[PDB]
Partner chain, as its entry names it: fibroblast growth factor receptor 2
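Only one chain is included here, represented as structure tokens and corresponding to the form deposited without its partner chain.
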């Protein structure tokens, strides 16, 4: 147990857009497996479906391509065709409002899903508690 257990109130009944408070980008998983952010609300690759695998642990899946968000051994996010250990994230409430996603595999290292102000994803080791890059709001599609 390396992290707190404050959980967000939302559920996984329907797909969502994961809006990053840092630069206002939506998390996107492109067909080729690339992960980044875009401000284009009409983009077809920002619709994501979350599912609970265990209380507080989720998969984040592209509804358009079926790919799973995953963080590799060097902290880089990628789209995986199949669910694996790198695809589980600890979904937590942060600052009493936002959702944060910590890599379960690398939870002890405090590696988060984060977006920079320019729309590029942050590498795990460059993220940490306290940043704006790690704060997301799940918006209904």
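Positions refer to the first chain, counted from 1.
Note on 28-36 vs 72-80: mean CA B-factor is higher in 28-36.
In this entry, 8-16 has the higher mean Cα B-factor, the comparison being between 8-16 and 117-125. Highest C-alpha temperature factor among 100, 96, 44, 67, as the PDB entry reports it: 44. Residue 90 sits in the lowest third of its chain by CA B factor, as recorded in the PDB entry. When all modelled residues of the chain are sorted by CA temperature factor, residue 107 is found within the middle third. Ranked by Cα temperature factor within the chain, residue 52 sits in the highest third according to the deposited record.
The same protein also has a form deposited with its partner chain bound, omitted here; what follows describes it.
No residue in the set 65, 78 and 86 has a non-hydrogen atom no more than 4.5 Å from its partner chain in the bound PDB entry.
Its partner chain in the bound PDB entry comes within 4.5 Å of a heavy atom belonging to residue 93. Its partner chain in the bound PDB entry comes within 4.5 Å of a heavy atom belonging to residue 99. Annotation for 19-36: interface residues with its partner chain in the bound PDB entry are 19, 21, 22, 23, 24, 26 [heavy atom within 4.5 Å].
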